[PDB]
Amino acid sequence: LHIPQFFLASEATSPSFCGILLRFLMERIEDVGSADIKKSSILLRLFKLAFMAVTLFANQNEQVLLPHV
Amino acid sequence: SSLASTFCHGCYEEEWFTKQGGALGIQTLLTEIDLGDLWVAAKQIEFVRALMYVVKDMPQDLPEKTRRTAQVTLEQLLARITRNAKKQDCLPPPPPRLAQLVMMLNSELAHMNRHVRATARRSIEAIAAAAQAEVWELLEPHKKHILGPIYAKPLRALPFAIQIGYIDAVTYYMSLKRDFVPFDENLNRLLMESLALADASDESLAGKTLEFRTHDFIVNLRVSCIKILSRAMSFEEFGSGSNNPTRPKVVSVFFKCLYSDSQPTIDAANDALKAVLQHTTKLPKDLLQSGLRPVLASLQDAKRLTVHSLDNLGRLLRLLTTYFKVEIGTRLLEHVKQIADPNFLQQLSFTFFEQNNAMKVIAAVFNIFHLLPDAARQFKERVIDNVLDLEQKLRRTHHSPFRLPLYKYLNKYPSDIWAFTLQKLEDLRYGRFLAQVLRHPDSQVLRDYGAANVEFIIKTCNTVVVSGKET
């Protein structure tokens, strides 16, 4: 999980990786309430990482999140 | 008896866990004790009333476990009490065991809650099956109890949920048999009101303040009106003696609903139009021209091209197959040429352009080529070259937004695609592209054709090799 975190905390790569990750997670959103702790913990952590990336660079990542909220 | 009363009263409390406890207690009394048959026969009405109340009173934004428990218990009870049922037991005397239960279940077919209506119709069907009978036979005596109240008031003044329930009840009733609901003046007035409601605008319907739930209500009402009008269109007595433009008006409303922004409305209108086209087998020229005019109006300028209009064109192509003409694909290709600017494309690179609007419009344009008539086999070279050039400008290999529609179009003419590729076996680009296409999980038709014609593939390759060139 350190690799997505590293890519999302860098000004150069954060927007594109955030877009790719959100596009991927929107297809899995139905697995959040799966009752299998292993399955849901990772998805929740990935969503939180994307949201923190949005918070870090507001002037660039807001438009990435806008079409998904 | 006291224990049963406690369980039944638990179902009426306002806490959901008490309701669940009541339903579970009734289930335990039914399927784990065996107090006898007369006991259940004497408790059945109270049990049914309590379970139906649990279904009615649960808030719809909480978890659905309690309602499911109530429905399962009701299923078990109905299975138990109809063990040796007979048609004489279900119908009123010319006392019957199940006539009162049948009447009570019939009385809930127009409820404002959709789960209640679903449960009631499921239970009525389950009872009818066990007695080797038809639903209309059981429901004929009690038809007035539903029909009379609905015809009394004007449908326009009622709240949304009541209207939806009433229309759904009438729609279900008019499917049991061909003469269940006569085409009298009340039904005609109701159908005209439904047509007016379906043709109306959101602002006129109490206004659309952009609120989520008002929009949901309006969409549901439109779907119900479309369904009832579609069912009425199947009767030859509807709109015939009038000789007025009633059926044309219904078709126009269907077409107008096909071009909406709501997916459920699109699906309902699609089903209705499919049924109409299948039944009619012919179409007056003026009506189809009126239906087609808005679609062709929006495909004349590249500056105002939108994804929505191309989606409308795709739906229309799917509906009317042998009605369109070639030379629209050429116009679409010209529009694509106009939109794709070298400076715009140069700027678009360096960014994750999957979210750009112009790229989405171009992808929507490419998405239409697998819906065009059979004669569209002559555009293969044009589209392949266009996509390759676009990808070259954007510096993309193996991936782009335009690959999926292109694959969908290519998987329809495997013979032509394979012949075209084998005609260009001395170029790396085309072989690489075909190999990339073959590796997508959805290219089974092309894989089958290639597995069949491996012999021809090897023959052409061997001819090239024996020719003795540098390539």
# chains A, B, ... in the order shown; residues from 1 in each chain; ligands from 1
>>> select_by_dssp(residues="segment 27-195 of chain B", states="helix (DSSP H, G or I)", output="PyMOL selection string")
chain B and resi 27-31+37-57+65-81+87-90+99-106+114-130+135-139+143-152+155-157+160-173+185-195
>>> residues_around(residues="segment 125-140 of chain B", least_positions_apart="6", cutoff="9 Å", atoms="only C-alpha atoms", output="list in words")
residues 75, 78, 79, 82, 83, 84, 85, 86, 87, 88, 89, 90, 91, 98, 99, 102, 103, 106, 173, 176, 177 and 180 of chain B
>>> interface_residues(of="chain B", to="chain A", cutoff="9 Å", atoms="only C-alpha atoms", output="list in words")
residues 351, 352 and 355 of chain B
>>> residues_around(residues="residue 445 of chain B", least_positions_apart="5", cutoff="9 Å", atoms="only C-alpha atoms", output="list in words")
residues 411, 412, 414 and 450 of chain B
>>> atom_distance(atom1="atom CA of residue 150 of chain B", atom2="atom CA of residue 273 of chain B")
27.9 Å
